[PDB]
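Right, one structure below, let's go through it.
Reminder, nothing fancy here: chain letters follow the sequence lines and each chain counts from 1.
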Amino acid sequence: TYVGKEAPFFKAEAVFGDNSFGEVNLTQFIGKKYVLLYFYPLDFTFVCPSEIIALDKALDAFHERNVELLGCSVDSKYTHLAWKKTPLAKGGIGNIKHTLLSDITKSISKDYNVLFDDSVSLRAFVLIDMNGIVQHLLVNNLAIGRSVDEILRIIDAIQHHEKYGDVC
Amino acid sequence: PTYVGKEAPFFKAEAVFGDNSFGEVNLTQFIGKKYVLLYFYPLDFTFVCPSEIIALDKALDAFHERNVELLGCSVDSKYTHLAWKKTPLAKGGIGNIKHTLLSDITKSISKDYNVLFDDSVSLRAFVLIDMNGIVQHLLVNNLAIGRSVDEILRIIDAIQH
Amino acid sequence: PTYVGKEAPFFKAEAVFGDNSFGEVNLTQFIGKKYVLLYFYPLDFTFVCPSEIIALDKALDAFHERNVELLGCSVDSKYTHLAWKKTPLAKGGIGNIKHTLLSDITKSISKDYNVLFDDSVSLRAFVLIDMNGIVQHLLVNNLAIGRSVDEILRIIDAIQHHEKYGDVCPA
Amino acid sequence: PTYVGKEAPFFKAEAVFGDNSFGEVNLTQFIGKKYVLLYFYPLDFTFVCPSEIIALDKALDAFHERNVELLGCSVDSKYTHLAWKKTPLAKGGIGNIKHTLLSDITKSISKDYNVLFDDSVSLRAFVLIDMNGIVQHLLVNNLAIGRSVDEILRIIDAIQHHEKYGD
Amino acid sequence: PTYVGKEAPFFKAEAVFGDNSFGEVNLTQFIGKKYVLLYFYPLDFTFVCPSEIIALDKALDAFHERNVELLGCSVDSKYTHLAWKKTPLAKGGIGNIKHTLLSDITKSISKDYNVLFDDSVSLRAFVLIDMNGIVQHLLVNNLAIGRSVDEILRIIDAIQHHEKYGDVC
Amino acid sequence: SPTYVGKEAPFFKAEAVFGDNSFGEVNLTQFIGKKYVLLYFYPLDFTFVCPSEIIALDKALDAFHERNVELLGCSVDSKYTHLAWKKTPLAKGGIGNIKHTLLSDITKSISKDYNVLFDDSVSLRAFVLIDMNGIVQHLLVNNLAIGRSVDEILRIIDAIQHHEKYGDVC
Amino acid sequence: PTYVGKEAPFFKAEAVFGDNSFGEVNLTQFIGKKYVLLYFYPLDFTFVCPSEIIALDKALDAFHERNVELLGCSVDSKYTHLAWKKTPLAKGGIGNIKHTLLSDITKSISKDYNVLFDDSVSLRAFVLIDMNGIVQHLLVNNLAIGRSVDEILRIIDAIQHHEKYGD
Amino acid sequence: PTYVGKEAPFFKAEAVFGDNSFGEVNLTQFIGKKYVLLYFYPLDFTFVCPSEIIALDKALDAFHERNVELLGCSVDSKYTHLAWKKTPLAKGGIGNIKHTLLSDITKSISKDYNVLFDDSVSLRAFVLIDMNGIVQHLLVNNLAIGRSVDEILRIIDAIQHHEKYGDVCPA
Amino acid sequence: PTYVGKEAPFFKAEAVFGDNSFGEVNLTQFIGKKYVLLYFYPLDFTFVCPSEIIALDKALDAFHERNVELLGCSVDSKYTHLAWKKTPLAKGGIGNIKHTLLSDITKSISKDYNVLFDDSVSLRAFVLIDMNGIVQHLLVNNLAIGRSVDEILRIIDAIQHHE
Amino acid sequence: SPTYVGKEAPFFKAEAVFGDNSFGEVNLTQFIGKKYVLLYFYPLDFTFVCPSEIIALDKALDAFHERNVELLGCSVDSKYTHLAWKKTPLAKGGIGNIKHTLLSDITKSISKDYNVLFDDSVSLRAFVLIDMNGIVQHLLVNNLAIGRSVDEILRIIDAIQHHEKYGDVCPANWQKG
């Protein structure tokens, strides 16, 4: 429904890669970067966070394509930072360099249609282009993976089509 | 709000079966028996080539093996669909595919699945519904970028394990 | 109430021209200037004969001499129209007709003209619009019985006659 | 939403029968019994076109053979209908037609059939109704250009054919 | 709430004049100029004697003598009124009456004067309207009984007298 | 909302001064099945208009009893004002000892229900004729105090009664 | 909620003056200028002796001394009032009183004052309105009980004393 | 609409009896048994001296002869009432009065009887209720002027007399 | 939603000041200038010893030294408050306290602070408002149990020291 | 609007981390008739300011057991975050293996009902004492990192439990201070 249309606006408190706190606006990216917004339910769960770290291993691939990677859950910035300071051995995410958003009011998850049970989000990926238009949505109800390779391809394909259209 | 993780909206539609026969399909015939992969695409007979539909058909055995029913849906009539299967690839048809095509003549299905664009045609989408009738996976594309057949089989398998 | 005797509901639609190109037709491009015979049929590519639409294309000059524009219309997409046109008649297509086909993809034209059936497809129908944009004649068929191009022509003549002289049938 | 291809809207009206007496007719009488061809015209006692209704009566036999009841209907009262039949042809009456004339005195029938112009009078229209009470054909004219009994018989035959051999 | 003693509801109607030509009559064309006696009746061409209408027309001089415009009115078309005038009394017609007949084809004049019966035809009624456009007198009969022409005159006289002299005794 | 002239007279119940000058109560439904009702309205007691119409109706009271009609007078005044008007001699502008009954429409609601209330104050002059089935056959409404002779009222009643029993004649 | 201690609700009404002419009275015409004693009573011409109105009239000079306009009011028409002024004391009338009587023909003054009973007649009441349009005193009786004029004069003096000095 | 000539609004309040204890009074407990004189006054401990409540209590036997239960009411609490009783009159108190004082702490009694001024305190008011719980007389005063117990006694007589005889013609 | 951590709901009331005169107090006269400690109690003149009001009065200089205005509040009239001050301690009274008592005659202050019980009397409560008009601390007791004035001074100190 | 103080405590049901570190459910109704409840709220797990309140309270679990009080702590964090907070040692900014139960107000629903939700985000620092008829007897809400001593709270429970039996107690010498 917001697909092919403007990304709903969000402002949120965040933890940057150097571990300081701050704020991120959707609008600080219009005309400058693509945004890959991804959602996951909760920090410190018993599902191990292979997805998040896989996405961080590929951070440079994302910068090559001019995309800002943003993770987001309803946990507070402090839980996010505490998750970072936790050894991977213990189920932590270690010291990732991409920024994590705190959806502390849950309104961002409401806005993006990914809130479940007025509680936590479902797993989701949203790809927002340089005009703030949503080009791609993926919503998973289950704790399964998503290849970072799959995501890279999608980005390349949309950037390719966004500039040459669609023949073969 | 979202139906992901909830009950897939009911649907009922006329359809062209793999053998070119006309019939009817509705969600509830699969409940308790089969997984359902419902995909949407805007239009028959377009200048965008239908590689996705062809890629999906190639893997039809893989789908049958995971007990999934593959359903393509678009806003065109059942007669357009048939016509399109009668057209070979060289001429921009889909040729004689084996999975079934749904006709969303009223646009109700696209509306109900929230993938109707601009009140005309739907966007490209995949919706995986399980044997209980719950939506476990939704992907919506605004552009004709296509979706790897393996990306999908791997989702189906992660869900079945 | 009915729009017969009142102004044709406005429409705008993507179209497939006689030369097989894509464009756009709207009602107000004709008001100064010509009569419009709008006709409606349910679906492209059906098992029923496109015999009506071929008969009507044959008499396309008869319509021009009378200063009417012949527009055809269903809820199919412009792509489906073109594809029907690129299909030889022997395989059940309309071939290379010379008058314009409108695409009522959103269904709102069929709805405004009160000819939409079961929220799905239009009925077989003919609508004749004045040079003032007033609807003078409406005919709706539920089944495929066709309509003599000769009666269409007589009706058209009688309407052009009645607007200048007596509104007097007989007979 | 049109009623073409659906159930014809119900009506129940006072009428003037062929023998010149008064009664009621209602759509329900005809289902699974015969086809109805209902026509509307605006006004009795105008000089525009009374020849259409005398011509349709002149052809009544052709209608019984197809098993179609012919009913005319305007907004005039039954009394006005009677007078019009009682008026000589030369003064513009319609004579002792044998087919029945419904009086749409409340403008109910015309509204329900979408043929009422300006809350006054109906337009000229023809409605063909099935043996199952489904409207199969609708014609509406804004002007008095008339319509041949041959064009009408053509349609009815085409429709009765298509119903057996569904082409 | 009644319109009696307030302004007559507006009407505009196609009409058949005494000479049998077609035209329009408009309430306001009489304001400042004449008194209007408006009367309603169900239908042309019924089996009830049109004796009221014939009586009324016979006294048309006495209405002009009092500066009142006599207006007849039913829900029939003007074509039906003309046809009713061209039909001999012997045959259930009204013959060639000199006063004008109004057609209430939409029914909205009857509806506005609260005299419509069952969405169909008007009741029998008499409305007397001032030079100022004020209704001074309303009569409604459910049944086909007469109204004496003398009674109608006596009433008009009384209103004209009151308008000059107020209430006497 | 169309007129009630086709249809049942709107129900009323009012306090009243009888012919004997006692106070009571009259309901429209006490009459259905047994009497015709001629319900007349007038604006007010003790005005500067002659009550000649009230006087005239009371002289013809036997003529009404003979056609099985109950004469009922009505205005917006209290029963007390009605009684005080009956106690006023004709010489001093009164109605004297009239024998038909007078209703007090003290709440104004009989007037509202019958559509003859003028400016939430007083009614117009009016005559309503209700038959034995409770159906209104006749309505007359004047804005001014012009008379209306009993001969003419009697003629109308007879013509109504005739139409109810024997056909409908010319 | 009560209007006591607040602005007296506005009213206008046709009136019968002491000279027996019909006129008009506004609440607005007394503001700034006089106190108003407004009193209500159910009905003219009842079997209750109108000795309250008569006693009030005899004291008219007492009220003029304290700068108060005396106004009676009931739901009867101005014709009933005058007829009642024209009825001799010995016949149950009130005769030629000099103070003005208001006709609450529409009953809205009684409504606005909250002294209407059963949508019919007003109860018996007295409302004292000061020169600022503020109600200082209200008395309502359901029964035909008198009120001493002296009681009333004491209330007015007491109220005016409090206006110049205090509690 | 007024409650005068109809049933007194129901009330159920906490109370300080003459015998300085606390309890409840309830309007229904008088139906059929007594007449009730309910009075309202703004506040205890005020600078206006309480001569009115004194004068009424002095006359308490007069109210007993006519079978009228005297009740005073204010929006103060029962504790302020008690404290006022235990203040001597020399210091602005009311002394040990023998009649009962009600507390309209929620202000709902004052609202029900239409005597609340600006959602704060009640006006000075007197309400005479029938043995059938019908209100016969209401007096309301914006100002601290008195109301002699003689006027009040005379009103109660007149009302009791009216219930036996009609109006008394001469006055 | 509480007003704790947000601005204090506005109030004005007639009051009895320490010198026993009447006047008016409203929240805006403190804003940008003084801390305010507003306390509530059910009623004057009850059988509950007014030990809390007296403890609070005794510490009035302690309050003033921290830039805090002490305000007391119940639903009684200003007249009852004065009468209570004129009743000595020995006979169930509060005597001549120096801090000011507000009269919540309409019960608005109580409604707006959310401490009104059964539409009648307020509960026992303490509300500490910032010099920027922000509520920092709220206590509400259902029972007459008392609160140490030392706990109160200790809260005030904590707030005035760590931000 | 009106306060629940002196009225029945708003009902709640919440997932929980117990002393033994298992997950569960606690609803208020299971304590009615049986225990007093001290429900406290605090903003967030893993913050930079020392969780001294939570640690002091748990050191005094025996004083609460004595007074027949179920100590329940509660924030808007998930049960998984509370569990991680406990498995983080104090040296690492955790709370360690405390024995009383911690509620998860994951929907914020409980903070809203108790009137302690600040900015639809986090709860304020608050204490709510519920007696065993389920009536709320005492509410404290602080805006800042100010936190009650455990001695103060124990005392207040004592005064409240004594008051339930004996009513109001006029203190000796109250005229002095």
Side-chain angles (χ1 to χ4, degrees), chain A residues 13 15 38-53 55 71-96 100-106 108-109 114-124 140-145, chain B residues 5, chain J residues 12-27 41-47 51 54 58 72-90 92-111 121-123:
Chain A
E13 297 170 279
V15 201
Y38 75 90
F39 294 87
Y40 62 94
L42 288 174
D43 299 7
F44 286 112
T45 260
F46 306 146
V47 181
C48 77
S50 31
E51 188 68 37
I52 290 180
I53 103 144
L55 291 153
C72 179
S73 80
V74 296
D75 296 296
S76 76
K77 58 184 172 186
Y78 292 97
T79 290
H80 282 341
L81 170 69
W83 205 22
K84 287 184 76 161
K85 297 173 177 176
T86 297
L88 307 101
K90 289 278 166 84
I93 59 175
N95 198 248
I96 66 142
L100 301 168
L101 303 192
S102 164
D103 192 28
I104 196 53
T105 64
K106 315 189 193 298
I108 299 177
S109 300
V114 287
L115 231 215
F116 187 87
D117 248 81
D118 294 299
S119 319
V120 296
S121 63
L122 303 156
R123 271 159 277 240
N140 277 333
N141 184 54
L142 292 175
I144 80 208
Chain J
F12 69 81
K13 194 201 222 159
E15 286 180 300
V17 187
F18 301 123
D20 64 8
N21 288 178
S22 61
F23 290 136
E25 289 264 286
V26 162
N27 66 257
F41 290 90
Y42 64 91
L44 284 172
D45 295 1
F46 288 112
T47 58
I54 288 145
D58 195 70
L72 296 170
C74 172
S75 93
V76 124
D77 299 288
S78 80
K79 65 205 204 305
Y80 294 99
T81 292
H82 288 328
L83 178 68
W85 205 24
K86 293 181 73 173
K87 290 172 161 190
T88 309
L90 313 146
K92 301 269 158 21
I95 51 160
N97 224 66
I98 70 145
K99 306 287 155 61
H100 73 277
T101 115
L102 286 179
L103 305 173
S104 171
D105 191 28
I106 197 43
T107 63
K108 304 185 196 308
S109 172
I110 300 156
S111 305
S121 300
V122 304
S123 71

To the nearest 0.5 angstrom, please state how far the OG1 atom of A:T86 sits from the CG atom of A:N95. 11.0 Å
Heavy-atom closest pair, residues A:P41 and A:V120: O-CB, 3.8 Å
What's the spacing between J:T47 OG1 and A:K77 NZ if we round to 0.5 Å? 11.0 Å
Would you give the length of the straight line joining atom CZ of A:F116 to atom OG of A:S121, rounded to the nearest 0.5 angstrom? 11.5 Å
One should read off an interatomic distance between A:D75 CG and A:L101 CG, to the nearest 0.5 angstrom, of 12.0 Å
Quick one: does J:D58's side chain have a donor or acceptor within less than 3.5 Å of a partner on J:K99's backbone? yes
Residues passing the side-chain hydrogen bond (donor to acceptor under 3.5 Å, both in side chains) test with A:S109, sequence neighbours excluded, are A:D103
If you measure from CZ on A:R123 to CG on A:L142, what distance do you get to the nearest 0.5 Å? 8.0 Å
What are the two closest non-hydrogen atoms of A:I93 and A:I53, and how far apart are they? O-CG2, 4.3 Å
Walk me through whether J:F23 and J:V17 qualify under side chain to side chain contact (heavy atoms under 4.5 Å, CB included). CA-CA 5 Å; J:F23 290 136; J:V17 187; 3.8 Å; yes
Under 6.0 Å from the CG atom of A:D118, do we count more than 12 heavy atoms belonging to anything else shown? no
Would a distance-only check, ignoring hydrogens and angles, find a side-chain to backbone donor-acceptor pair under 3.5 Å from A:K106 to A:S119? yes
With sequence neighbours excluded, tell me which residues meet side-chain hydrogen bond (donor to acceptor under 3.5 Å, both in side chains) with A:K84. A:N19
Locate the shortest heavy-atom distance separating A:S76 from A:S102; write the atom from each residue and the value. CA-OG, 3.4 Å
Quiz question: by atom type and distance under 3.5 Å, do the side chains of J:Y42 and J:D45 form a donor-acceptor pair? yes
Applying the ring pair (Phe, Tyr, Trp, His ring centres under 6.0 Å) test to J:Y80, which of A:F44, A:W83, A:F46 qualifies? A:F46
Between J:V76 and J:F41, is any pair of side-chain heavy atoms under 4.5 Å apart? no
So CZ of J:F18 and CD1 of J:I98: to nearest 0.5 Å the spacing works out to 12.5 Å
On a heavy-atom basis, the closest approach of J:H82 and J:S75 is CE1-OG, 3.2 Å
Taking side-chain hydrogen bond (donor to acceptor under 3.5 Å, both in side chains) as the definition, give me every residue that meets it alongside J:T107, ordered by chain and number, with sequence neighbours left out. none
